[PDB]
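Let's start with one chain on its own, the form deposited without 6-aminohexanoic acid, as structure tokens.
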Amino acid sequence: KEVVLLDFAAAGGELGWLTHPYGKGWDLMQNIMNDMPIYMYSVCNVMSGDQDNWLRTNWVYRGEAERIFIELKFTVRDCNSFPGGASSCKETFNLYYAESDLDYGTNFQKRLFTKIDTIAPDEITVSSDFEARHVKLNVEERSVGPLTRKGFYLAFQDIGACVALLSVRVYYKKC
């Protein structure tokens, strides 16, 4: 019933998402756990101010899809949990999309993106949870459409949160 267009957790870290700026900002992290590779897109520049960190997906061919469903699983760390810890810290990030008939390739083009929503965690990671070695995984879902162009990008803007994306699943529904 759900036809998967993009699946970050399963994609072995090979999608070539684009980050702006450079390599300061969002960072692709890899480890192996339970003899299964594991990917997190992470950023935590909570100390220095004026953070504007963008992450853009590969281009997704829409095909039959007219309404898409974007499921995210992420962690967000408590702004008071930083020994030191700045007044530039935030606990949300922004989700955007862009439709086009054309690949952008490598010029990022934030100006063509439309804001879907502010994404806020139900479960904030606190210093206690590091002690228990247990993960508070937020699950949030948004919907966009109708889509009418050949393809689309998702993008993520961080403005100074300590965020990890574990899962980004994009699908449409066929009945």
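Take the two forms, superpose them, and find the largest set of C-alpha atoms that agree within 1.5 Å; that set is the rigid core. Don't overthink the numbering: it's just position in the shown sequence, from 1.
Worksheet item: According to the deposited model, is the average Cα temperature factor higher in 57-65 or in 103-111?
Response: Result of the comparison: 103-111.
Discussion item. So, looking at the entry's B-factor column for Cα atoms, which has the higher mean, 77-85 or 90-98?
Written reply: The entry gives the higher C-alpha B-factor average to 77-85.
Worksheet item: Hey, out of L18, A161, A11, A164, whose CA B-factor is highest in the deposited coordinates?
Response: Comparing C-alpha B-factors across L18, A161, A11, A164, the top value belongs to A11.
Item to complete: By the entry's C-alpha temperature factors, tell me which of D52, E131, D122, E141 sits highest.
Response: Each of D52, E131, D122, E141 was compared by C-alpha B-factor; the highest is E131.
Item to complete: Name the third of the chain's ranked CA B-factors that contains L5, choosing lowest, middle or highest.
Response: According to the entry, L5 has a C-alpha B-factor in the chain's lowest third.
Worksheet item: Ranked by Cα temperature factor within the chain, is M33 in the lowest third, the middle third or the highest third?
Response: Highest third - that is where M33 ends up once the chain's C-alpha B-factors are sorted.
Discussion item. Ranking every modelled residue in this chain by its Cα temperature factor as given in the entry, which third contains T118?
Written reply: It belongs to the middle third of the chain when residues are ordered by C-alpha B-factor.
Worksheet item: By the record's CA B-factor, is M47 among the lowest, middle or highest third of residues in the chain?
Response: Within its chain, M47 is a highest-third residue by C-alpha B-factor, going by the deposited values.
Practice prompt. Determine, from the deposited record, the chain-internal third of the Cα B-factor for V135: lowest, middle or highest.
Written response: For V135, the deposited C-alpha B-factor lands in the highest third.
If you look for the form deposited with 6-aminohexanoic acid bound, you will not find it shown, but the lines that follow are about it.
Worksheet entry | Contact residue in the bound PDB entry, from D117, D52, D122, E66 (heavy atom within 4.5 Å of 6-aminohexanoic acid) | Among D117, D52, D122, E66, a heavy atom within 4.5 Å of 6-aminohexanoic acid in the bound PDB entry occurs only for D52.
Worksheet item: Using a 4.5 Å heavy atom cut-off, which stretch among 55-63, 145-153, 132-140, 106-114 contacts 6-aminohexanoic acid in the bound PDB entry?
Response: Heavy-atom contact with the partner occurs in 106-114.
Worksheet item: With the partner left out of view, is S167 within 4.5 angstroms of 6-aminohexanoic acid in the bound PDB entry by any non-hydrogen atom?
Response: Heavy-atom contact with 6-aminohexanoic acid at 4.5 Å: absent for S167.
Worksheet item: Is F82 close to 6-aminohexanoic acid in the bound PDB entry, meaning a heavy atom pair under 4.5 Å apart or at it?
Response: Result no; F82 lies far from 6-aminohexanoic acid in the bound PDB entry.
Worksheet item: Does any residue in 82-109 get within 4.5 Å of 6-aminohexanoic acid in the bound PDB entry, counting heavy atoms only, and if so which ones?
Response: Going through 82-109 in order - heavy atoms within 4.5 Å of 6-aminohexanoic acid in the bound PDB entry - there is one hit, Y96.
Discussion item. Given a cut-off of 2 Å on Cα movement between this form and the one not shown, rigid core as reference, pick the single residue from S143, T148, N31, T118 that exceeds or meets it.
Written reply: The one that moves 2 Å or more is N31.
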